[PDB]
Amino acid sequence: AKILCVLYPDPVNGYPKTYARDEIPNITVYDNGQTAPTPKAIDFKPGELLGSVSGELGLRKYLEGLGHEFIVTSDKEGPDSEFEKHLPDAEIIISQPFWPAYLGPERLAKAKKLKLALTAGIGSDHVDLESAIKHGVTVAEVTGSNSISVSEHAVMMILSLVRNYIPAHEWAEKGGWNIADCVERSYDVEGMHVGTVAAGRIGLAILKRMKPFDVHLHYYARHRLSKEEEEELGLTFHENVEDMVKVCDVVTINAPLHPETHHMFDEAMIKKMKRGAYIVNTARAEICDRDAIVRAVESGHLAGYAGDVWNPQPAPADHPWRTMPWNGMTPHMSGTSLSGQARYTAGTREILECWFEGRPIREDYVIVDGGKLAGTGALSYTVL
Amino acid sequence: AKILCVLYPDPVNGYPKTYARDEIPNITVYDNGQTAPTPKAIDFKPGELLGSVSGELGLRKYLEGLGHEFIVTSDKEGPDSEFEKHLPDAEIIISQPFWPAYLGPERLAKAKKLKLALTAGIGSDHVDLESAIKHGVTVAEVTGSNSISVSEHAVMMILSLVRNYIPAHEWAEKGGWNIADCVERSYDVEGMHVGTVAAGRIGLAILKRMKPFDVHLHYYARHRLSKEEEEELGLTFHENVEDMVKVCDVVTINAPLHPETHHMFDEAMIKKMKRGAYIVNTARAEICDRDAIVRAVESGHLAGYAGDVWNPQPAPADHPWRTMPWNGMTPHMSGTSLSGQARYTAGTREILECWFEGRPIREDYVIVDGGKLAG
Ligand SMILES: NC(=O)c1ccc[n+]([C@@H]2O[C@H](COP(=O)([O-])OP(=O)(O)OC[C@H]3O[C@@H](n4cnc5c(N)ncnc54)[C@H](O)[C@@H]3O)[C@@H](O)[C@H]2O)c1
Ligand code: NA
């Protein structure tokens with residue numbers, strides 16, 4: 001069978017021969033009791049660069065050993081791309097959110113042999129789930145694999161926005177000093193009201209990490225956490241997201257992208273926020289209206305926006321989030337820290353072994369199966 | 001009476017007419033039970049820029065209303081400065097550690113009317129305390145006021161170094177994507193070993209903020225925290241600093257500068273650190289050897305350095321920490337966030353009220369009481 005795998009390019013000076021450190025931590029379980037991935041074997045050392053073209057998600061020995069054809073490419077745009085060459089007869093397509101091989105209706109119609117679309121990472125919205133359902137394609141992702149990774153990046157971005165880190169760093173790098181320029185919009189986060197959209201793995205991890213900063217914690221969700229978790233973290237629950245955003249100094253977005261969340265943060269929603277509110281969005285770009293965010297930043301309604309997620313991906317060079325005032329953007333990196341990579345790459349392998357051996361994929365990993373949302377997909381996504 | 005106040009220059013395009021936000025949080029107490037400042041009244045809105053020349057620590061209405069003269073300047077260097085010209089008949093001298101007006105033995109001998117030397121913030125090393133006592137001078141500062149501010153700056157920098165934030169932000173801003181470039185040295189802090197040099201107000205606050213990142217926490221100090229504090233945070237104590245640095249992925253420095261911390265992080269000590277270790281230093285630059293740090297980030301033995309403290313300070317435009325690979329530096333700023341300024345500026349007013357009304361300055365604020373010791 002053919003496995004078609006789309007990965008991001010190698011570093012500009014080539015695939016690395018050495019790394020900055022010799023080992024990374026061994027993470028075997030997550031906060032909710034879920035085990036980290038359990039492949040029967042791996043063909044990489046945790047800490048290696050796996051998600052680039054030469055890293056191959058450590059899969060080639062395994063797949064070629066079973067006698068399958070394994071195509072690895074970064075070339076994913078348009079009808080002349082290496083991706084579209086192989087789409088018609090791939091049984092399995094793999095890509096990562098950071099460099100996503102989009103599977104819209106037309107591409108899914110063309111993928112005559114496709115049975116499994118695997119997200120190497122978390123968040124399968126680059127696949128049209130309605131069409132995958134129509135064509136009987138199984139959609140799976142490595143649930144939980146990099147949620148902590150993102151939570152760290154999100155807290156980092158909250159503190160950087162609020163404290164005015166990036167402008168101050170630019171003053172230092174350029175040879176300046178300029179204390180008053182550094183601090184004329186530098187604040188402490190202590191005592192601010194901080195709220196999350198969703199309290200799933202990432203949202204909860206962020207709440208826990210923010211707690212000792214002595215902020216006031218809020219969340220919006222469709223269903224509440226246990227009262228014990230609310231009481232331990234001191235959470236205020238809001239039934240309506242509108243009510244939460246009205247009172248928060250900082251809003252962090254941590255929901256999946258599906259019809260309920262698409263453009264949730266549109267012009268009208270942003271207008272309900274406090275003058276000088278911050279948004280951090282490490283979830284998906286299109287939870288926000290792109291140009292509404294720009295207008296609110298430029299007007300000073302929002303004091304700053306930071307996140308690692310964009311639309312489309314890769315983002316064009318002229319994407320307006322790159323240069324909007326006070327932005328703390330990165331490219332889509334948080335879930336593909338080398339640490340995060342180790343876990344989603346192990347889980348990719350775990351899922352494939354299940355698939356080829358005819359064993360059930362973990363329910364946690366399933367988004368679509370047997371012509372419906374299933375497992376995590378039924379809990380956390382919707383279709384119209 | 002004359003109050004002489006030295007503050008840092010205004011922002012390059014002028015004192016701000018508007019701010020990013022309308023109000024800031026009202027912080028009333030610190031972790032150790034100390035209350036935040038309690039002036040009877042203030043003539044500023046918390047959130048204003050108070051520490052620059054045009055900000056004036058919001059004191060002018062109050063002081064002029066009492067019939068006093070209030071002189072604000074940023075010009076403080078050497079014998080022909082505005083500071084030195086007013087020094088002889090100032091009763092009260094006010095400056096911040098972010099832009100300190102030095103009061104060494106010569107100056108304190110010239111300051112013939114001086115009764116109160118007030119630090120707006122924390123850090124009065126630029127005041128000679130022995131000379132202040134000889135001249136009957138009270139030295140005071142706003143204890144506790146920006147400890148939390150520094151702790152947030154430090155944790156921010158830890159995360160930024162480990163995750164490789166700043167280089168990735170440069171790729172975003174310049175039109176790139178370059179995920180492999182961004183992440184070929186991007187790690188999670190989860191499960192790493194993080195250690196502090198000292199665990200006073202700032203170090204303890206950092207340890208508490210790092211704890212839910214599920215890092216293994218370590219510290220070195222001259223004296224230990226209580227057993228309950230070590231057990232609450234899951235701390236490993238190291239009686240010698242070398243034993244701590246050998247096992248830490250990240251070292252944050254939160255100690256004073258003295259002969260046994262001076263160039264503590266030199267060539268030999270850095271070589272004992274794990275390959276790819278990170279250092280954050282919001283304490284004093286000279287705890288680290290300047291060129292040793294540069295050589296270690298250039299060789300790859302340290303994977304990053306970040307702080308807002310420099311030697312000399314202000315840093316010269318060509319200081320090598322500015323442009324060394326993988327640095328997370330800022331100018332000196334952590335304790336002069338607008339939030340920190342609100343507290344130490346309220347504390348300045350509180351102290352000045354006590355002074356002019358003949359009430360005691362809070363014990364927590366007094367460094368030396370030359371008045372009392374002169375009797
Ligand atoms: N590198 C990255 O930036 C990165 C990495 C991983 C995940 N993500 C994004 O973050 C999302 C969340 O990841 P997670 O690991 O926390 O997933 P999770 O499934 O554990 O949590 C998602 C939560 O969102 C909730 N949710 C769904 N629809 C909602 C709605 N309309 N309003 C409010 N809450 C809603 C779900 O009920 C669930 O509690 C992913 O779907 C993905 O899009 C980004
Ligand atoms: Na819309």
# chains A, B, ... in the order shown; residues from 1 in each chain; ligands from 1
>>> select_by_dssp(residues="segment 12-85 of chain B", states="strand (DSSP E or B)", output="PyMOL selection string")
chain B and resi 29+35+52+69-73
>>> interface_residues(of="chain B", to="chain A", cutoff="6 Å", atoms="only C-alpha atoms", output="number ranges by chain")
B: 10-11, 20-21, 25, 149, 156, 159, 168-169, 172-173, 175, 177, 180-181, 183, 186-188, 191, 209, 212, 275-276, 317, 322-323, 329-331, 337-339
>>> residues_near_ligand(ligand="ligand 1", cutoff="7 Å", atoms="only C-alpha atoms and all ligand atoms", output="VMD selection string")
chain A and resid 121 to 123 143 to 144 146 to 147 150 197 to 203 220 to 222 254 to 257 260 to 261 282 to 284 308 to 309 332 to 336 376 379 to 381
>>> write_last_selection(atoms="N, CA, C and O atoms", output="compact mmCIF listing (two decimals), in the first residue's frame")
# COMPACT_ATOMS: atom_id res chain seq x y z
N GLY A 121 0.11 15.07 15.23
CA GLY A 121 -0.19 16.24 16.03
C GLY A 121 -1.65 16.20 16.48
O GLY A 121 -2.22 15.12 16.60
N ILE A 122 -2.19 17.39 16.78
CA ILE A 122 -3.54 17.53 17.29
C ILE A 122 -4.25 18.59 16.46
O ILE A 122 -3.67 19.65 16.22
N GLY A 123 -5.47 18.26 16.05
CA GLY A 123 -6.38 19.18 15.38
C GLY A 123 -6.46 18.81 13.90
O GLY A 123 -5.47 18.96 13.16
N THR A 143 -4.11 12.66 20.04
CA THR A 143 -4.72 13.34 21.16
C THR A 143 -3.79 13.37 22.37
O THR A 143 -3.21 12.33 22.75
N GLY A 144 -3.65 14.58 22.94
CA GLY A 144 -2.85 14.82 24.13
C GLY A 144 -1.34 14.96 23.94
O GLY A 144 -0.65 15.42 24.88
N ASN A 146 0.80 16.93 22.38
CA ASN A 146 1.56 18.17 22.51
C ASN A 146 0.75 19.25 23.24
O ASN A 146 1.12 20.43 23.22
N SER A 147 -0.33 18.85 23.91
CA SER A 147 -1.17 19.81 24.61
C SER A 147 -0.35 20.62 25.65
O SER A 147 -0.53 21.84 25.82
N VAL A 150 1.82 23.28 24.06
CA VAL A 150 1.09 24.49 23.69
C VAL A 150 0.82 25.36 24.93
O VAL A 150 0.93 26.58 24.88
N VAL A 197 -11.09 30.14 26.55
CA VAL A 197 -12.11 29.54 25.70
C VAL A 197 -11.79 28.06 25.54
O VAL A 197 -10.81 27.70 24.87
N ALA A 198 -12.63 27.26 26.20
CA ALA A 198 -12.45 25.83 26.44
C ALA A 198 -11.48 25.56 27.59
O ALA A 198 -10.48 26.24 27.80
N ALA A 199 -11.78 24.44 28.28
CA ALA A 199 -10.99 23.94 29.38
C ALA A 199 -10.72 22.44 29.18
O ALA A 199 -10.83 21.63 30.10
N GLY A 200 -10.33 22.12 27.94
CA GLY A 200 -9.78 20.83 27.58
C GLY A 200 -8.33 20.70 27.99
O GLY A 200 -7.88 21.36 28.91
N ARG A 201 -7.58 19.80 27.34
CA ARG A 201 -6.24 19.56 27.83
C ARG A 201 -5.43 20.85 27.86
O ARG A 201 -4.72 21.09 28.83
N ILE A 202 -5.45 21.63 26.79
CA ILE A 202 -4.59 22.81 26.76
C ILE A 202 -5.12 23.89 27.72
O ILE A 202 -4.35 24.45 28.52
N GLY A 203 -6.40 24.22 27.57
CA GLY A 203 -7.08 25.19 28.44
C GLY A 203 -6.84 24.90 29.93
O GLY A 203 -6.48 25.78 30.70
N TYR A 220 -14.89 29.71 29.77
CA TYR A 220 -16.08 29.36 29.02
C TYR A 220 -15.95 27.94 28.48
O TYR A 220 -14.93 27.55 27.90
N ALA A 221 -17.01 27.15 28.62
CA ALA A 221 -17.06 25.85 27.98
C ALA A 221 -18.52 25.45 27.82
O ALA A 221 -19.40 26.07 28.42
N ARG A 222 -18.75 24.38 27.05
CA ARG A 222 -20.10 23.90 26.80
C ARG A 222 -20.55 23.06 28.00
O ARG A 222 -21.74 22.93 28.25
N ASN A 254 -8.56 28.12 23.23
CA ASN A 254 -8.05 26.76 23.38
C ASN A 254 -9.06 25.67 22.97
O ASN A 254 -8.98 24.53 23.45
N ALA A 255 -9.92 26.01 22.00
CA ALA A 255 -10.96 25.14 21.46
C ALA A 255 -10.52 24.63 20.10
O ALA A 255 -9.78 25.32 19.39
N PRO A 256 -11.05 23.47 19.63
CA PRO A 256 -10.84 23.03 18.24
C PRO A 256 -11.61 23.90 17.25
O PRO A 256 -12.53 24.59 17.65
N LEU A 257 -11.25 23.81 15.95
CA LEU A 257 -11.89 24.56 14.89
C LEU A 257 -12.95 23.67 14.22
O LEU A 257 -12.62 22.66 13.62
N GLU A 260 -19.04 25.52 15.33
CA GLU A 260 -19.35 26.30 16.53
C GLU A 260 -18.29 27.35 16.86
O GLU A 260 -18.60 28.39 17.44
N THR A 261 -17.02 27.09 16.52
CA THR A 261 -15.96 27.99 16.91
C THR A 261 -15.47 28.85 15.75
O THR A 261 -14.70 29.79 15.97
N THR A 282 -3.37 30.07 20.42
CA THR A 282 -2.54 28.96 20.04
C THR A 282 -3.41 27.76 19.61
O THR A 282 -2.91 26.66 19.51
N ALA A 283 -4.72 28.01 19.38
CA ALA A 283 -5.65 26.95 19.00
C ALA A 283 -5.69 26.84 17.47
O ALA A 283 -4.91 26.08 16.87
N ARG A 284 -6.54 27.64 16.81
CA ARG A 284 -6.56 27.72 15.34
C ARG A 284 -6.86 29.17 15.01
O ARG A 284 -7.71 29.82 15.64
N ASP A 308 0.58 31.16 17.57
CA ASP A 308 1.46 30.47 16.63
C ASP A 308 0.69 29.95 15.40
O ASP A 308 1.31 29.43 14.47
N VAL A 309 -0.64 30.13 15.39
CA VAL A 309 -1.48 29.55 14.35
C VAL A 309 -2.02 30.64 13.42
O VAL A 309 -2.43 31.73 13.84
N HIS A 332 3.85 28.34 13.14
CA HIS A 332 3.16 27.31 13.90
C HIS A 332 4.15 26.28 14.44
O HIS A 332 4.50 25.29 13.77
N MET A 333 4.57 26.51 15.69
CA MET A 333 5.70 25.81 16.24
C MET A 333 5.41 25.09 17.55
O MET A 333 6.19 24.23 17.89
N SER A 334 4.42 25.52 18.35
CA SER A 334 4.34 25.10 19.76
C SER A 334 4.16 23.59 19.85
O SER A 334 4.87 22.94 20.61
N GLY A 335 3.31 23.02 18.99
CA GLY A 335 3.03 21.60 19.06
C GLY A 335 4.15 20.76 18.45
O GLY A 335 4.08 19.53 18.53
N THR A 336 5.12 21.39 17.81
CA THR A 336 6.23 20.70 17.17
C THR A 336 7.56 21.15 17.81
O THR A 336 8.62 21.09 17.17
N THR A 376 -12.97 11.03 20.25
CA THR A 376 -12.71 12.43 20.56
C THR A 376 -13.45 13.36 19.60
O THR A 376 -13.91 14.44 20.01
N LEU A 379 -16.85 14.04 20.88
CA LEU A 379 -16.84 14.83 22.10
C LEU A 379 -16.55 16.30 21.82
O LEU A 379 -17.05 17.15 22.56
N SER A 380 -15.68 16.59 20.85
CA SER A 380 -15.03 17.90 20.78
C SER A 380 -15.24 18.61 19.45
O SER A 380 -14.92 19.79 19.35
N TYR A 381 -15.79 17.92 18.44
CA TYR A 381 -16.09 18.55 17.16
C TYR A 381 -17.59 18.45 16.87
O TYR A 381 -18.32 17.66 17.51
>>> atom_distance(atom1="atom CA of residue 190 of chain B", atom2="atom CA of residue 335 of chain B")
27.4 Å
>>> atom_distance(atom1="atom CA of residue 52 of chain B", atom2="atom CA of residue 320 of chain B")
27.4 Å
>>> residues_near_ligand(ligand="ligand 2", cutoff="10 Å", atoms="only C-alpha atoms and all ligand atoms", output="PyMOL selection string")
chain A and resi 262-267+286-290+292
>>> write_last_selection(atoms="N, CA, C and O atoms", output="PDB file, in the first residue's frame")
ATOM      1  N   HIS A 262     -15.823  28.515  14.508  1.00  0.00           N
ATOM      2  CA  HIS A 262     -15.377  29.312  13.358  1.00  0.00           C
ATOM      3  C   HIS A 262     -15.829  30.765  13.480  1.00  0.00           C
ATOM      4  O   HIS A 262     -17.014  31.037  13.617  1.00  0.00           O
ATOM      5  N   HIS A 263     -14.864  31.702  13.489  1.00  0.00           N
ATOM      6  CA  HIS A 263     -15.135  33.121  13.622  1.00  0.00           C
ATOM      7  C   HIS A 263     -15.989  33.438  14.856  1.00  0.00           C
ATOM      8  O   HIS A 263     -16.767  34.396  14.869  1.00  0.00           O
ATOM      9  N   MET A 264     -15.728  32.724  15.961  1.00  0.00           N
ATOM     10  CA  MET A 264     -16.330  33.069  17.236  1.00  0.00           C
ATOM     11  C   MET A 264     -15.850  34.467  17.644  1.00  0.00           C
ATOM     12  O   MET A 264     -16.658  35.278  18.131  1.00  0.00           O
ATOM     13  N   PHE A 265     -14.550  34.746  17.409  1.00  0.00           N
ATOM     14  CA  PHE A 265     -14.002  36.047  17.750  1.00  0.00           C
ATOM     15  C   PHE A 265     -14.022  36.932  16.513  1.00  0.00           C
ATOM     16  O   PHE A 265     -13.001  37.113  15.837  1.00  0.00           O
ATOM     17  N   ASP A 266     -15.240  37.407  16.220  1.00  0.00           N
ATOM     18  CA  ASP A 266     -15.491  38.288  15.089  1.00  0.00           C
ATOM     19  C   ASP A 266     -15.551  39.719  15.609  1.00  0.00           C
ATOM     20  O   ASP A 266     -15.274  39.966  16.775  1.00  0.00           O
ATOM     21  N   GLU A 267     -15.856  40.667  14.725  1.00  0.00           N
ATOM     22  CA  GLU A 267     -15.858  42.067  15.101  1.00  0.00           C
ATOM     23  C   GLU A 267     -16.721  42.342  16.350  1.00  0.00           C
ATOM     24  O   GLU A 267     -16.304  43.076  17.253  1.00  0.00           O
ATOM     25  N   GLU A 286      -8.629  30.557  12.588  1.00  0.00           N
ATOM     26  CA  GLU A 286      -9.943  30.901  12.070  1.00  0.00           C
ATOM     27  C   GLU A 286     -11.035  30.798  13.142  1.00  0.00           C
ATOM     28  O   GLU A 286     -12.194  31.091  12.834  1.00  0.00           O
ATOM     29  N   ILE A 287     -10.666  30.606  14.413  1.00  0.00           N
ATOM     30  CA  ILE A 287     -11.565  30.940  15.518  1.00  0.00           C
ATOM     31  C   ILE A 287     -11.771  32.455  15.598  1.00  0.00           C
ATOM     32  O   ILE A 287     -12.792  32.967  16.101  1.00  0.00           O
ATOM     33  N   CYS A 288     -10.775  33.181  15.088  1.00  0.00           N
ATOM     34  CA  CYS A 288     -10.827  34.625  14.963  1.00  0.00           C
ATOM     35  C   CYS A 288     -11.030  35.035  13.501  1.00  0.00           C
ATOM     36  O   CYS A 288     -10.531  34.401  12.563  1.00  0.00           O
ATOM     37  N   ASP A 289     -11.757  36.151  13.334  1.00  0.00           N
ATOM     38  CA  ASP A 289     -11.765  36.897  12.087  1.00  0.00           C
ATOM     39  C   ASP A 289     -10.444  37.653  11.926  1.00  0.00           C
ATOM     40  O   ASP A 289     -10.083  38.481  12.754  1.00  0.00           O
ATOM     41  N   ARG A 290      -9.665  37.257  10.908  1.00  0.00           N
ATOM     42  CA  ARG A 290      -8.312  37.732  10.706  1.00  0.00           C
ATOM     43  C   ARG A 290      -8.258  39.255  10.705  1.00  0.00           C
ATOM     44  O   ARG A 290      -7.479  39.856  11.464  1.00  0.00           O
ATOM     45  N   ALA A 292     -10.648  41.492  11.463  1.00  0.00           N
ATOM     46  CA  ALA A 292     -11.222  42.128  12.652  1.00  0.00           C
ATOM     47  C   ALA A 292     -10.155  42.263  13.754  1.00  0.00           C
ATOM     48  O   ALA A 292     -10.107  43.288  14.472  1.00  0.00           O
TER      49      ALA A 292
END
>>> closest_residue(among="A:128, A:80, A:141, A:69", to="residue 350 of chain A", atoms="only C-alpha atoms")
A:141
